[PDB]
Amino acid sequence: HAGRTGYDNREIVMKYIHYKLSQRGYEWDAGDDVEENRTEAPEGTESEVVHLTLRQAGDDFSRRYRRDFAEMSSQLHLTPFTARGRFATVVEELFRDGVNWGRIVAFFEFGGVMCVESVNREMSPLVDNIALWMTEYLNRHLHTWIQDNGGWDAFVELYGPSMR
Ligand SMILES: O=C(NS(=O)(=O)c1ccc(NCCSc2ccccc2)c([N+](=O)[O-])c1)c1ccc(-c2ccc3sc(CCc4ccccc4)nc3c2)cc1
């Protein structure tokens, strides 16, 4: 009794972040389990529509705010110990009062911003860790907000591309 797409907070973040790194050409060792996993074929026209919307959603945002999160990035600093604690401290501010499709878009960007921050130095593997925490906060907050507010289909339906 919950759609038939199987959207996974982990997968969505893994794809979005995976694309961000692709732009640079970094073969992010995401699917460490590279043993040919079919299960039910890669075909996912269902979650495919939102994959583009959500993927493009962040891009359009980053282009609008090119002097907000970029600066705060310097505050994050560079370290594996504080990195994990800094993430939660940042997202916490993303939604002080309440959550909304409008604010969540910034959520994805954050991960990508902090993710690349590690790659810039020499902590590519860390990119995987970030995604782990991202899904936690997204599933522990957003998920509940989206699930109660229609769901994923809402975002894509509300913010749908031209025609299709
Ligand atoms: O305007 C906003 N939302 S909206 O009006 O409801 C909207 C407007 C357009 C679209 N879509 C249009 C097509 S693409 C697009 C998507 C989103 C926004 C703009 C365009 C969408 N949406 O798709 O959900 C939502 C909006 C504006 C500003 C912020 C915002 C501002 C300062 C900060 S600081 C921070 C720390 C986390 C943090 C750290 C690092 C980086 C980011 C955030 N996060 C912030 C987030 C957050 C949301």
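Residues numbered from 1 in each chain as written, not as in the entry; some residues may be left out. Heavy atoms only, no water.

Per the PDB record, the structure was determined using solution NMR.

The chain appears in the PDB entry as Apoptosis regulator Bcl-2 from Homo sapiens. Here the entry title, as the record gives it, is "Solution structure of the anti-apoptotic protein Bcl-2 complexed with an acyl-sulfonamide-based ligand". Taken directly from UniProt, the Sequence similarities text for the chain runs: "Belongs to the Bcl-2 family." (UniProt positions renumbered as here; feature names shortened; annotations may be inferred.)

For the ligand, the set of nearby residues contains 18 residues, the closest of which are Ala57, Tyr65, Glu93, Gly102 and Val105. A distance of 3.0 Å separates an oxygen atom of the ligand from a polar atom in the backbone of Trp101. A distance of 3.1 Å separates a nitrogen atom of the ligand from a polar atom in the backbone of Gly102. Alone, the ligand offers 910 Å² of accessible surface; in the complex the protein occludes 72% of this. Elements with a minimum of two residues in the shell around the ligand: α2 (45-64), α3 (69-76), α4 (80-94) and α5 (101-121). (Near = heavy atom within 4 Å. Polar contact = N/O pair within 3.5 Å; in protein donor to acceptor, adjacent residues only side chain to side chain. Areas by Shrake-Rupley, 256 points an atom, 1.4 Å probe, with all protein chains shown as cover. Helix = DSSP H or I, 4+ residues; strand = E, 2+ residues; numbered from the N terminus.)

What follows covers a nonpolar patch on the surface. Nonpolar side chains collect at one region of the surface, where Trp101, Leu158 and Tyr159 lie side by side and expose about 320 Å² of accessible area between them. Secondary-structure assignment places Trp101 in helix α5. (Patch = residues over 30% accessible without salt bridge, like charges linked within 9 Å, V, L, I, M, F, W, Y side chains within 5 Å. Salt bridge = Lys/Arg side-chain N within 4 Å of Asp/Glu carboxyl O.)

The subject of this paragraph is the packing of helix α1 (residues 9-22) against α5. When two helices pack together, their arrangement is given by the angle between the helix axes and the distance between those axes. Two numbers describe how α1 lies on α5: the axes approach to 10 Å, and their chain directions differ by 50°. Classed by the angle they form, the pair α1 and α5 counts as oblique. With respect to the hand of their crossing, α1 and α5 are arranged in right-handed fashion. Contacts between α1 and α5 involve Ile12, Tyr16, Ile17, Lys20 and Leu21 from the first element and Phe108, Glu109, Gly111, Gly112, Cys115 and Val119 from the second. Class assignment of the residues belonging to the contact of α1 with α5 gives a composition of seven nonpolar, two polar and two charged. (Axes fitted to C-alpha atoms, helices over the stretch in contact; angles between N-to-C directions. Parallel < 35°, antiparallel > 145°, perpendicular 65-115°, else oblique. Left-handed = near helix turned anticlockwise from the far one by under 90°. Contact = heavy atoms within 4.5 Å. Nonpolar A, V, L, I, M, F, W, Y, C, P; charged D, E, K, R; others polar.)

So, on to the UniProt feature "short sequence motif: BH3" in the chain. Sequence positions flagged by UniProt for "short sequence motif: BH3" are, in local numbering, residues 50-64. Regarding residues 50-64, the helix share stands at 100% and the strand share at 0%, and the terminal C-alpha atoms are separated by 21 Å.

All right, on to the pattern of salt bridges then. Within the structure shown, the criterion is met by two salt bridges. Two residues, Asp59 and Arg55, come together in a salt bridge whose shortest N-O distance is 3.9 Å. With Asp59 and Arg55 both in helix α2 and four residues apart, the pair spans about one turn of that helix. With a relative accessible area of 40%, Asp59 lands in the partly exposed category. (Buried < 20%, exposed > 50% of the residue type's maximum accessible area, 1.4 Å probe, protein only.)

Turning to the UniProt feature "short sequence motif: BH2" in the chain, a few remarks are in order. The UniProt record annotates "short sequence motif: BH2" at residues 144-159. In residues 144-159, the share of helix is 75% and the share of strand is 0%. The end C-alpha atoms are 20 Å apart.

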